[PDB]
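1. sequence first, structure after; it's an experimental one.
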Protein chains: 4
Amino acid sequence: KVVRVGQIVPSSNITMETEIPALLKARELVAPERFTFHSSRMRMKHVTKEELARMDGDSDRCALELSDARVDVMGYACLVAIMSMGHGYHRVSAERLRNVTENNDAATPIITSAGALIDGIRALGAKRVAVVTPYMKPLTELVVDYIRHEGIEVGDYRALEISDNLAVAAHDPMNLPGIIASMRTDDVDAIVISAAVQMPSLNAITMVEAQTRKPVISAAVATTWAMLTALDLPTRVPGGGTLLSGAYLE
Amino acid sequence: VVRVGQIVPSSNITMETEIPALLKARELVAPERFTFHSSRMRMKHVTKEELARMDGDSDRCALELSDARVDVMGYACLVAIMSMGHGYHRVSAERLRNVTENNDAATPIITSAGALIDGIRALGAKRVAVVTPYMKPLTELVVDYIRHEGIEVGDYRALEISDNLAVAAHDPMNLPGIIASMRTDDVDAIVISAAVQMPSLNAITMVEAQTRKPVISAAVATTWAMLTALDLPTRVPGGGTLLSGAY
Amino acid sequence: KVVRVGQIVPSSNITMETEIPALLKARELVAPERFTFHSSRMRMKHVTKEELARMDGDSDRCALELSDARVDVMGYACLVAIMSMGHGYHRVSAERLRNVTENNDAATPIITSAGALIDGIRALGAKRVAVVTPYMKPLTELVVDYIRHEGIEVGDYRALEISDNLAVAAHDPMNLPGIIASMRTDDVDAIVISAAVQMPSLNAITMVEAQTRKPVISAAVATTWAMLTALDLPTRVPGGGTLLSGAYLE
Amino acid sequence: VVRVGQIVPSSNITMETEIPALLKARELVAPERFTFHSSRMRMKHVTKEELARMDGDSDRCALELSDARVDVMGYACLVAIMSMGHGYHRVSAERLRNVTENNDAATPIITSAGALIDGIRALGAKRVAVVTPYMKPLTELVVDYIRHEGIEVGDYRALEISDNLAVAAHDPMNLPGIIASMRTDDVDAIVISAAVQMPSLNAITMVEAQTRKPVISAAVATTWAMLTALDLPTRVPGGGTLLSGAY
């Protein structure tokens, strides 16, 4: 049984195409489904409001491109691009993209990273969250405010202020445990190790869970959780942290 | 980690299937690991006009993929290249490379058309039998292109499936039977699939056993050519003669 | 880089040869080392004191068999067989087996499941532990007393009382979360989901960690941790629970 | 889940390497998953006497593995079986099966000796070239055994390595060169390794490409024969002609 996964990714993004396949490859050790990966790109090189807004404009084209392949699920990878567009935009985006696929004769469940993160946090039953991002400070503020608007408290948060998206990919994930250690996490229900999909975090997730004893999620992890759930499949993925423990089928 | 870029028709699913499968197999025999990154050019129906329009979008795709500083790029659609005119695989690869260089990330560009020709030559094969999924006029162009490159063509078959997604649904286990119904004794190598879109991977060894001749597909040729472009050994289990390790 | 793993297993044991390769297969997704697996068998069909004592007598033969292959590490799989022989026997067994390999011209690091479990608990810094076993009650008592003797408190423990070793293999690991739920685990530092190496538990480990928010280990997990550490290799294994999070190189 | 039992000489490491590798490759093309379980019979030096003593321990191994209710058993050592006398692969398999039945767990028993002969026959090969790692007198016995089974032997080579663990250290990439120095034109198939202990897996496709003849090893034969004993399809990528899917 083969599942075709479609990914709408920023052109300069390399991490979504690394971590989502890594996770699902691990899942193949544990469950019979096999996965193939199919991408469409929307141009962005620098994570600024202007580039984000322009990139999102290519959204429809990308969904047309991937529904031409009759992909079984489609994930819009960039969390901040969705949240940058204003409150509740993750719903707008998902519904519009679904319509685009439906009118291309291949209705597909649509996941956005932004929506997946919110849904994953709710599935965990987490009420308060700590958040690490790689974004410039204003963008990070928007994200935190978006999460708060969705009824999820935000405690400590950190912004690495790296706008060059290729430089974001170059950030050492082994720095992340020390960053999280220097944040308050005792008053938090879950830790968002990366709100961004470009910043690698997968290889630090289990370490951080061990160190903090809190559930750790990332935009990438939440997205795969949401894709799996949208396909009515078990969500147990080795190395994917608490959300992918197998205990959560929300 | 090696970053592989894939420029694919929107309806193409088999390049993103067989190339990862091959490279995953390679990870078992060699230390390199691969990640895969795609950009799409829209096309549902494989006609002369649509192929030309889609190729016009090639450049955007190379731009998008070089934003991610990919280590190689493979252009999936064989017939698109061969449809544009004689020798076009060279012109395309050059123009696409220039795009990546102007985007501050010059990268080697492989077309499945060029890869098949180079693969055939690497095999030392002078004469070839070919299976395609294309409509008859288009496979006439493909055969003529191959012949223009100094490679003789014996028996060839066209499945005449213009619906590109439908091409990927063709059962690879049909391919040995198709080949068995063709003359292959006057041939040095068998092109089991001239199209990356038509799956053939699981049929390659069977056909090699049945015919006792080296068998290649556009998909294994592309894999071979991308590996060679990165100066990497080309031993891949289950990839047939071209990926023997021998070359 | 290939690592030859040797396993001394009860003849009727199937789970050690399932979970240790499963774990190390997952590790191959994350680290460059590749593993091959080589077993020697010591006969046992029923987990009784008499069968355990007889089985342990074949110990030297098994170590000779595996050192003929110049295995890079050697694990004695059966936890209860070691503990059944009296306090401190895990040290005796490891040193004797090492000597056997050394005199067979292939000195090998030796791990026992029993010793690995104790070392893994200490590596976690866990002081008090809850324990599930499949053994008959007297044998379970010995194990708990062995752990206590090693300076590790035992709170709640459960014994499934299944002595047919093939029946132990047939125990549904999805029963384990409910068993652990009906034990007190708030006053415990870590949960031993299986003290036995025959009872499957790997596929329930991450679920139980999510449900309890405590580190979960098994004899199988502790053994692979100990084998990896003995080979000076990182201990990050996807799906292997807290001990294999990558945070513990004791 | 399919439970595979392996009866191996203590110093044998390659059966537990190539059989898992092959079956892992199969998991990519077929739904079955495999676990591996071994029992050992002591032996360091491959001599007539030691082979006989080690074979005397076969029964214990079958007993130990049937305690775990394994779905098949493969006896690794080809020369041990062929050394005991003509037709011994049948006697051994039968005696070992009876052991498992008396242990309330009757299981199909494959010997690498029987598997190679059955594999050669399944290929339709009448005449064969053979490479062995054994000392000359022992490979004389092996060749004579094969000839007694109705399979002609052309060119054969003996590497004369009596240290069994050392056999596994022989570079498989030496094998194409060894074969290239042998006559293979008067042969229907090539036994690239008559010993499971001598690795050959990574050389199979290369030799098939170089010689244009089906290539089998005792290790792929054993894998083929165990799969057939469980009525499972025998398509395994990278396993050469016998594991083509064709048979």
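-> Good, I have the coordinates. Residues are numbered from 1 along each chain as shown, chains lettered A, B, ... in the order given.

2. who are the packing partners of the longest helix along chain A?
-> Using DSSP state H, we find that the single longest helix of chain A is helix A:89-103. Counting by 3 or more C-beta pairs under 8 Å, 6 or more residues apart in numbering or on different chains; DSSP states H and E, the packing neighbours recorded for helix A:89-103 are helix A:59-67, strand A:73-76, helix A:79-83, strand A:110-112, helix A:113-124. Bear in mind the C-beta positions are built from the backbone N, C-alpha and C, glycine included.

3. and the contacts of whichever helix or strand comes after the last one?
-> Secondary structure here is assigned by DSSP states H and E; on that basis, the next helix or strand after helix A:113-124 toward the C-terminus is strand A:128-133. Strand A:128-133 is touched from outside by A:80, A:121, A:139-140, A:143-144, A:147, A:152-160, A:176, A:179-180, A:183-185, A:187-196, A:199, with contacts defined as C-beta atoms under 8 Å, 6 or more residues apart in numbering or on different chains.

4. 6 Å instead?
-> A:140, A:152-159, A:183, A:185, A:188-193, A:195-196 (C-beta atoms under 6 Å, 6 or more residues apart in numbering or on different chains).

5. is the residue of chain A found nearest chain D in a helix, a strand, or coil?
-> With C-beta to the nearest C-beta as the measure, residue A:32 is the residue of chain A nearest to chain D, at 6.7 Å. Secondary structure state of residue A:32, per DSSP: H, G, I helix; E, B strand; the rest coil, is coil.

6. for residue D:1, see how far away it is.
-> Residue A:32 sits 12 Å away from residue D:1, going by C-beta to C-beta, to the nearest Å.

7. how about the residues of chain A near chain B?
-> Contact residues, chain A versus chain B (C-beta under 6 Å from any C-beta of the partner chain): A:11-12, A:14, A:17-18, A:36, A:38-41, A:43, A:45, A:65, A:68-69.

8. centroid residue for chain A?
-> The central residue of chain A, meaning the one whose C-alpha is nearest the mean C-alpha position (C-alpha atoms, centre = their mean), is residue A:219 at 2.5 Å.

9. these two touch, right, that residue and residue A:79?
-> Yes - Residue A:219 is within contact range of residue A:79, at 4.7 Å (criterion: C-beta atoms under 6 Å).

10. not counting stretch A:60-70 itself, show me its contacts.
-> Outside stretch A:60-70, the residues within contact range by C-beta under 6 Å, 6+ apart are A:6, A:8, A:38, A:40, A:42, A:74, A:97, A:100-101, A:104, A:106, A:108, B:10-11, B:13, B:40, B:44.

11. sorry, that was for stretch A:106-121
-> Residues lying outside stretch A:106-121 but in contact with it, judged by C-beta under 6 Å, 6+ apart, are A:67, A:70-71, A:73-77, A:79, A:82-83, A:90, A:93-94, A:97-98, A:101, A:150, A:152, A:197, A:217, A:219, A:222-223, A:225-227, A:230, A:243.

12. try stretch A:9-19
-> Contacts with stretch A:9-19, where a contact means C-beta under 6 Å, 6+ apart, come from A:7, A:39, A:41, A:43-45, A:77-78, A:165-166, A:169, A:197-198, A:200, A:202, A:220, B:35, B:37, B:64, B:67-68.

13. likewise for stretch A:208-228?
-> The set of residues that contact stretch A:208-228 without belonging to it, under C-beta under 6 Å, 6+ apart, is A:19-20, A:23, A:73, A:75, A:79, A:111, A:113, A:116-117, A:119-120, A:124, A:177, A:180, A:185, A:190-195, A:197, A:201, A:205, A:235, A:240-244, C:242, C:245, C:247.

14. may I have the distance across it, first residue to last?
-> Separation of the first and last residues of stretch A:208-228 by C-alpha to C-alpha, to the nearest Å is 24 Å.

15. in it, which residues are buried?
-> For stretch A:208-228, a neighbour-count test (16 or more other C-beta atoms under 10 Å in any protein chain shown) marks A:208-212, A:214-228 as buried.

16. please compute how far that stretch lies from its chain's middle.
-> Computed by C-alpha atoms, centre = their mean, to the nearest Å, the separation of stretch A:208-228 from the middle of its chain amounts to 10 Å.

17. adding mean neighbour count, write the helices and strands packed on helix A:89-103 out as CSV.
-> CSV is the format used below for the helices and strands packed on helix A:89-103 (neighbours: other C-beta atoms under 10 Å in any protein chain shown):
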stretch, mean neighbour count
helix A:59-67, 23
strand A:73-76, 28
helix A:79-83, 28
strand A:110-112, 28
helix A:113-124, 24
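
18. so where does the residue sitting furthest away from the middle of chain A fall, helix or strand?
-> In chain A, counting by C-alpha atoms, centre = their mean, residue A:105 sits farthest out from the average C-alpha position, at 26.7 Å. Assigned by DSSP H and E, residue A:105 falls within no helix or strand.

19. residue A:98 - how many residues pack around it?
-> For residue A:98, the number of neighbouring residues by other C-beta atoms under 10 Å in any protein chain shown comes to 17.

20. got the contact list for it?
-> Residues near residue A:98 by C-beta under 6 Å, 6+ apart: residue A:110.

21. on that earlier part again, neighbours of the residue of chain A closest to chain D, how many?
-> Residue A:32 sits with 9 neighbouring residues when counted by other C-beta under 10 Å.

22. separation between it and chain C?
-> Computed as C-beta to the nearest C-beta, to the nearest Å, the residue A:32 to chain C distance reads 14 Å.

23. grab the nearest non-local neighbour of that residue.
-> Once its chain neighbours are removed from consideration, residue A:32 has its nearest residue in residue A:1; the separation is 6.2 Å (C-beta to C-beta, 6 or more residues apart in numbering or on different chains).

24. shouldn't that neighbour be in contact with residue A:33?
-> Yes - with contacts counted by C-beta under 6 Å, residue A:1 reaches residue A:33, the gap being 5.3 Å.

25. so which of those two has more stuff around it?
-> Shown here are residue A:1 and residue A:33; by other C-beta under 10 Å, residue A:33 has more neighbours (15 against 9).

26. phi, psi for that one please.
-> Note on residue A:33: backbone dihedrals following degrees, to the nearest 10 are phi -60, psi 140.

27. quick revisit: restricted to strands, list the residues of chain A next to chain B.
-> With strands taken from DSSP state E, the overlap with these comprises A:36, A:38, A:39, A:40, A:41.

28. got a winner among those residues for most neighbours?
-> The most neighbours of any of these, using other C-beta under 10 Å, belong to residue A:40, which has 31 neighbours.

29. and that one, what are its bridge partners?
-> With DSSP bridges applied, residue A:40 shows beta-bridge pairing to residue A:8.

30. OK, contacts around it?
-> Applying C-beta under 6 Å, 6+ apart to residue A:40 gives the contacts A:8, A:62, A:65, A:66, B:40.

31. if you set the cut-off to 8 Å instead, what comes out?
-> A:6-9, A:61-63, A:65-66, B:10, B:38-40.

32. what of residue A:122?
-> Contacts for residue A:122 (C-beta under 8 Å, 6+ apart) come out as A:152, A:250.

33. tell me how far it lies from chain C.
-> Taking C-beta to the nearest C-beta as the measure, residue A:122 falls 16 Å from chain C.

34. residues in contact with residue A:31?
-> Applying C-beta under 8 Å, 6+ apart to residue A:31 gives the contacts A:233, A:234, A:236.

35. tell me the spatial nearest neighbour of the first one, not counting adjacent residues.
-> This means residue A:233. In space, and not counting its chain neighbours, residue A:233 is closest to residue A:33: 6.5 Å by C-beta to C-beta, 6+ apart.
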